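Participant: Below: the sequence, then the experimentally determined structure.
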14 protein chains.
Amino acid sequence: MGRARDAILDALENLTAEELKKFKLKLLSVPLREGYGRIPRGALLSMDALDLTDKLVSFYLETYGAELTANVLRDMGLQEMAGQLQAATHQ
Amino acid sequence: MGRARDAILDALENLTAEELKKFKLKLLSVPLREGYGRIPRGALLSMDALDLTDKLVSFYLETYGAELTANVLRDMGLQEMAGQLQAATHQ
Amino acid sequence: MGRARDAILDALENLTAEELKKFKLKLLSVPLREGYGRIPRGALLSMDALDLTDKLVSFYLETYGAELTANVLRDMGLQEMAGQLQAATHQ
Amino acid sequence: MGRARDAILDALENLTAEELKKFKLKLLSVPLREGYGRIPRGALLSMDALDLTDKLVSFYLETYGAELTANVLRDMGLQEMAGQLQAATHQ
Amino acid sequence: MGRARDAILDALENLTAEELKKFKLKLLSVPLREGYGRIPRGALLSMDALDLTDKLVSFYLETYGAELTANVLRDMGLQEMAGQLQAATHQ
Amino acid sequence: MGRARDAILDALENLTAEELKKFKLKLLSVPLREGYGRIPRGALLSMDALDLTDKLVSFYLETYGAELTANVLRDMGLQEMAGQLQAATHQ
Amino acid sequence: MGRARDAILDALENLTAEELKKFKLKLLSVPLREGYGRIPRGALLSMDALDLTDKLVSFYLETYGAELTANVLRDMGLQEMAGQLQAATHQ
Amino acid sequence: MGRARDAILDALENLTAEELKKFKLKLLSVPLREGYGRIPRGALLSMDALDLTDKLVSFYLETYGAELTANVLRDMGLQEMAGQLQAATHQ
Amino acid sequence: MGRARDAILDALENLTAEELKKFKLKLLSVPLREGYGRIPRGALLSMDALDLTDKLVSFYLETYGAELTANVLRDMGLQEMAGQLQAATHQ
Amino acid sequence: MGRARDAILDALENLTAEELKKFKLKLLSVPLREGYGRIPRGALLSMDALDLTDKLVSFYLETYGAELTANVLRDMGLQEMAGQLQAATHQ
Amino acid sequence: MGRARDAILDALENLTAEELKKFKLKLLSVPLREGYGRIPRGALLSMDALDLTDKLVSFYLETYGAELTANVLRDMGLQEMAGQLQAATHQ
Amino acid sequence: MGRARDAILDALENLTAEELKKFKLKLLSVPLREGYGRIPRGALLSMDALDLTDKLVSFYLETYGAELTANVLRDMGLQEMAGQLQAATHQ
Amino acid sequence: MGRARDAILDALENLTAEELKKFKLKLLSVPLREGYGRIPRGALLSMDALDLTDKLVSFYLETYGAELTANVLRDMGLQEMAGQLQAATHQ
Amino acid sequence: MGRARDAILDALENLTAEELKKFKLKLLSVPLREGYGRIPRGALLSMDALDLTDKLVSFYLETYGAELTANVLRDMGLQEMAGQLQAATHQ
């Protein structure tokens, strides 16, 4: 399958346990493109990094999942991680 | 068949594992109108969200099931899920 | 031949395997009208849904069989199936 | 047919699966008045609530079955279910 | 013809498929008064409730057949069917 | 014979034990085309993926079965399995 | 001779024993045209697929037997069975 | 059902996790009036507020449960929470 | 007729299904006196408690059957049932 | 008679009960060569490994039966049993 | 039946889950007087309090079971529980 | 009959359910002497300790069965049960 | 049978539970050579180490199974385990 | 059974939660005598004191288990615990 399920993991494994919670919280209110669902709170507020990567690639696709992860990471301040994620996904 | 069973599921999936137990506990003593039975403790304290919503639409009807869920949600404090459920059910 | 043998089936085939046992158990102690017999334990505690519907329409007639099934279902709390059966049989 | 088989069920469905095992274990050593047999251990440790109620009303009569169930429930601590059982059976 | 052949039937149709085997097994060693033979083990372990009632009223008379059935039923614990049999036969 | 009975399995076998339960639950309320029946609740809430795909292709036709599976899958959010299901069935 | 008895056998042989019993049950109450008899309960609830096919082609004619079988199959939900049955019998 | 099961919960959620342990420890030696049992240590030393209030209303009744909770709360020092509990319970 | 066919039953109904299989397995290799045969594997590993008691009293005798059952029970650990069987058989 | 009926059995006994169902399910939709019939669904979904082996060698010949079994095994993923079957049958 | 199976439970429900593991571990190497077997490690390291007390009264007798439990409890340091057990058992 | 069927059982009942699975898995690849068959994977991965001992003594003889069990036990690291089996079988 | 099913186990049993999930997640997107299937997501995200080794040697062969496990272990960082697996497999 | 499974516990129960990790880590590289296996990292880094003592006495024997524990304790600096372990085990 696509390798985008790995580039996301390498991006979410570099987050500390404190800013992973911030990522999950901001995932609850980020604007979404039409036709895509939103992860429910009950599952979102308890997943670890691996489950979160699986769920992100499941609800969204490779391209949109990577793009959404990059946008959320950039909006919360982390610039180098979003940059390396975009570098890994685009080429 | 009515879509009110999906609305309850969308509201019970936004509760974490902690206030789901609180919801189930509050369901054991909430006042009920006449002609409706009460879910026994033996099964109530073990269902997850899916079993709970199915069982709620089983004992109570769609309209009363949604109304009772909204009442219990307001009673325990959550005004956002209750408002979402009212919006989904009424119209 | 009356169609009431079908409306009962649609009510008993929507019960889970656990609550079918509850239905059969409650059928052993429900009050009965005069002139109607009671299903013996040896056969009742082993029937599946289809045999149960056949025996219910055999001992009790169409109207009384449907009414008794609705009463037992409503007594054990299941009001959606009871209402469905009442709507199907009354008209 | 007496309704005491129902009142027992409402008492055995209102207690969790963890303490149903405790009830069945207490049932192996509770003193019995003369002329009444004891449920064999091979089947007593595998029955769920429904078969337990049926077996209790079969081995012991309605009055003594309800009395024994109330006594066992009181002995193991639960006096809410025991209280409602006594209220239902006596009147 | 005496009605005692019917009452025994009403006692053996309330026994499940597992208690009927226990009844037939106990019938091979129950003490018997003088002048009455014992059912051979070849046919006893293969007949159903109806054949069992017929042959019980055949070997033993109506009064002794009912009394023996009640005694065996009390021996294995089931004192509800035994009580019903006594009530039906004595008066 | 149509090969899309194999595609549906590939979509139902990629779901975890928790979201398969949600799929079965949402299959109880999805709108249906005229002339197509609804799977009874008693058997639907107990079958696994293999029985589910067999009965999905049995009750509804081949193309409609695939399309309904895709509709339900997108409704609950999973648009990765739904997309590959469309890719398999359409061409 | 007509080959409709082959098409009916093909339709009844591809459905499991569980819904075969349901088919035989609904054959007891399906509406019939005037001049056609009803299969008695004593034989209907015991015959297998082969005997059922033979007696369906016996009591009713080839055309009416096939059409009634298709009607019963659609009524009980299986729309794949009836489709191939009508395809075979019509041409 | 009485609302005092909800009054107790409101008392056990407004006290911190450090003093919930103190409450549970004090519950192990508080004097009890005759006829009432004592919660075993193994279960008591592990429940959270929801399980604790459920089991408090289970072992003791509505009135005695509320009274015992108020007694323990005053004993350990918290007078505001006990006063709130009396205000909720008595009227 | 000897009552040892009953006491043995009381020993084989007071042990669970996981101990009955162990009893049957150990009955395969227990030492036997001369002149007594061994139950074949094909039938022994399939019969339940009742058939086991009957065939135990058939192959062996009353006294030897009871003694062998007690020896197997004590070898597999259960001392309470073995002592009960001793008390029942010796006097 | 060829021994190829054994090589199939050695392939159907080394796969678990969960994936025997998947094998039987894919046996209902695998493409078939001209002149060969399809096993009826009613009997397919109930046969065990031995009955399945006999049926496979009956409907299809030894060569085509082995080839079809290998193809179905490779399609469903298991390429360890498929290679073993191919090695056993080809030489 | 003796009440010793009741006292042991009162001693095993009053100790935490952390030290129940210690009790079960100590039970694997405690010296045993002759004529009594040792509980196998496979089942001993998985039972809860109820199964443990049933197994203890099964392998050992009432007197020896209580004495051995008290000895093990004193061995690991818990003196008050052992004193309670001795007081309940001896008189 | 030899006692080696018991010494194996005492070795397979003294190891937990987690490492029983490891034992069964290692039994699929252990080298075998000439002329001895290998247990098929379908039945091996589902049987418990009792069935495992029975089939171990069936496929392999007493001497080789005990030797193979000890070899597998030392292979998977358990030097205690293996030594106990050595002592039990040799003398 | 090849010993490679044991080399893989020693590699998968020597890594913690937190990184076993990472291994199973990386197994969902690793490139595969042509002709080999992919483990379905539903079963892959639930099996433990033993089932994982069994199915790894099932879908892939001895050589390719070991090679794929080594490649995945190398990719996710663990160089010691991959080196040990390569040393065990190659010679 | 030997008492050395107790002394080890008394040596591992006196370890703080921090130095227990150091003990388990040094257990991964301590040299072992030939014929003894090494505990895998998967379980070694998750067991607490009780499972660790059981595992040590299982993989190694009484004498070697005690000796290895003493050597590891001396290596990591803790001398008084090693001394008391020697005093307990040797005499």
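Facilitator: Okay, I see it. Numbering: from 1, shown residues only, chains lettered A, B, ... in the order given.
Participant: got the contact list for stretch A:82-91?
Facilitator: A:4, A:7-8, A:10-11, A:63, A:66-67, A:69-71, A:73-74 (Cβ atoms under 8 Å, 6 or more residues apart in numbering or on different chains). For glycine as for every other residue, the C-beta is placed from the backbone atoms N, C-alpha and C.
Participant: Pull out the buried residues from it.
Facilitator: Buried residues in stretch A:82-91, counted by 16 or more other Cβ atoms under 10 Å in any protein chain shown: A:82, A:84-86, A:88-89.
Participant: closest to residue A:49 among those residues?
Facilitator: Closest to residue A:49 out of these is residue A:85 (13.8 Å), distances taken as Cβ to Cβ.
Participant: Would you check how far apart that closest one and residue A:5 are?
Facilitator: 12 Å (Cβ to Cβ, to the nearest Å).
Participant: I figured residue A:52 hits residue A:21, correct?
Facilitator: No: Residue A:52 lies out of contact with residue A:21 (Cβ atoms under 8 Å); the separation is 11.0 Å.
Participant: What is the neighbour count of the residue in chain A positioned nearest to chain N?
Facilitator: Of all residues in chain A, residue A:48 sits closest to chain N, at 16.8 Å by Cβ to the nearest Cβ. The number of residues packed near residue A:48 is 13, by other Cβ atoms under 10 Å in any protein chain shown.
Participant: Stretch A:54-74 and chain M in contact?
Facilitator: Yes: remark: stretch A:54-74 sits within contact range of chain M at residue A:54, by Cβ under 8 Å from any Cβ of the partner chain.
Participant: Could you state which residue of chain A sits nearest its centroid?
Facilitator: Centroid-nearest residue in chain A: residue A:69, 3.4 Å away (criterion: Cα atoms, centre = their mean).
Participant: secondary structure element for it?
Facilitator: Here residue A:69 is covered by helix A:62-75, with elements defined by DSSP states H and E.
Participant: That helix vs chain F: in contact?
Facilitator: No: Helix A:62-75 lies out of reach of chain F by Cβ under 8 Å from any Cβ, never closer than 8.7 Å.
Participant: buried residues in that helix?
Facilitator: In helix A:62-75, counting by 16+ other Cβ under 10 Å, buried: A:62, A:64-70, A:72-73.
Participant: picking up where we left off before, kindly tell me how buried the residue nearest to the residue nearest to the centre of chain A when sequence neighbours are not counted is, as a neighbour count.
Facilitator: Nearest-residue entry for residue A:69: residue A:8, 5.5 Å, with adjacent residues in sequence omitted and distances by Cβ to Cβ, 6 or more residues apart in numbering or on different chains. Around residue A:8 sit 25 other residues, with neighbours defined as other Cβ under 10 Å.
Participant: Which strands or helices does the helix or strand hosting residue A:50 pack on?
Facilitator: Element membership for residue A:50, per DSSP H and E: helix A:49-59. Contacts defined by 3 or more Cβ pairs under 8 Å, 6 or more residues apart in numbering or on different chains; DSSP states H and E place helix A:49-59 against helix A:4-12, helix A:17-26, helix A:41-44, helix A:62-75, helix F:79-90, helix M:17-26.
Participant: Please put the alpha-carbon coordinates of that helix into CSV.
Facilitator: Extracted in CSV, the C-alpha atoms of helix A:49-59 (Å, rounded to 0.1, in the frame of the first residue of the first chain):
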residue,chain,number,x,y,z
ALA,A,49,0.4,7.4,18.4
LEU,A,50,0.0,4.2,16.5
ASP,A,51,-3.8,4.0,16.9
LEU,A,52,-4.0,7.7,15.9
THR,A,53,-2.0,7.1,12.7
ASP,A,54,-4.2,4.1,11.8
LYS,A,55,-7.3,6.1,12.4
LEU,A,56,-6.0,9.1,10.4
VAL,A,57,-5.1,7.0,7.4
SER,A,58,-8.5,5.2,7.8
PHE,A,59,-10.9,8.1,7.9
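Participant: Let me know the angle separating it from helix A:17-26.
Facilitator: Using axes from the mean of the first three to the mean of the last three Cα atoms, to 10 degrees, the inter-axis angle of helix A:49-59 relative to helix A:17-26 is 20 degrees.
Participant: got the contact list for the closest residue to residue A:62 other than its chain neighbours?
Facilitator: With Cβ to Cβ, 6+ apart as the criterion, residue A:62 has its nearest non-adjacent residue at 3.7 Å, and that residue is residue A:4. By Cβ under 8 Å, 6+ apart, the contact list for residue A:4 reads A:57, A:62-63, A:65-66, A:89.
Participant: What is the nearest of those to residue J:15?
Facilitator: Once Cβ to Cβ is applied, the member of the contacts of residue A:4 that ends up nearest residue J:15 is residue A:57, at 30.7 Å.
Participant: what about the closest one, how many neighbours?
Facilitator: Close neighbours of residue A:57, defined as other Cβ under 10 Å, add up to 25.
Participant: for stretch A:49-64, the distance to its chain's centre please.
Facilitator: 7 Å (Cα atoms, centre = their mean, to the nearest Å).
Participant: secondary structure element for the residue of chain A found nearest chain K?
Facilitator: Closest approach between chain A and chain K, counting by Cβ to the nearest Cβ: residue A:46, at 23.4 Å. Residue A:46 is part of no helix or strand when elements are defined by DSSP H and E.
Participant: Look at it and say how many residues are nearby.
Facilitator: 12.
Participant: Now do the contacts for it.
Facilitator: Contacts of residue A:46 (Cβ under 8 Å, 6+ apart): B:16-17.
Participant: coming back round to it: so can I have TSV of the contacts of stretch A:82-91 showing distance to residue C:33?
Facilitator: Formatted as TSV, the contacts of stretch A:82-91 follow (distance: Cβ to Cβ, whole Å):
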residue	distance to residue C:33
A:4	69
A:7	72
A:8	67
A:10	73
A:11	72
A:63	69
A:66	70
A:67	69
A:69	68
A:70	72
A:71	70
A:73	72
A:74	74
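Participant: Let me know the closest of the residues you listed to residue A:30.
Facilitator: When the contacts of stretch A:82-91 are compared against residue A:30 (criterion: Cβ to Cβ), the nearest one is residue A:71, at 7.0 Å.
Participant: Next, work out how far apart the residue nearest to that closest one when sequence neighbours are not counted and residue A:36 are.
Facilitator: Nearest residue to residue A:71 in three dimensions, chain neighbours excluded: residue A:30, at 7.0 Å (Cβ to Cβ, 6+ apart). The spacing between residue A:30 and residue A:36, counted by Cβ to Cβ, is 11 Å.
Participant: Repeat that for residue A:81.
Facilitator: Distance, residue A:81 to residue A:36, using Cβ to Cβ: 23 Å.
Participant: Which one's more surrounded, those two?
Facilitator: Neighbours per residue, other Cβ under 10 Å: of residue A:81 and residue A:36, the larger number sits with residue A:81, 20 against 15.
Participant: I figured that one was touching residue A:11, is that so?
Facilitator: Yes: at 5.6 Å, residue A:81 and residue A:11 qualify as touching, with contact defined as Cβ under 8 Å.
Participant: Tell me, how many residues neighbour the residue in chain A that chain C sits nearest to?
Facilitator: Closest approach between chain A and chain C, counting by Cβ to the nearest Cβ: residue A:42, at 24.2 Å. By other Cβ under 10 Å, 18 other residues sit near residue A:42.
Participant: my guess is it contacts residue B:13, does it?
Facilitator: Yes: counting by Cβ under 8 Å, residue A:42 touches residue B:13, with 5.2 Å between them.
Participant: Which single residue of chain A approaches chain D most closely?
Facilitator: residue A:42 (22.7 Å).
Participant: Now do the same contact list for that residue.
Facilitator: Residue A:42 neighbours (Cβ under 8 Å, 6+ apart): B:12-17, B:20, B:49.
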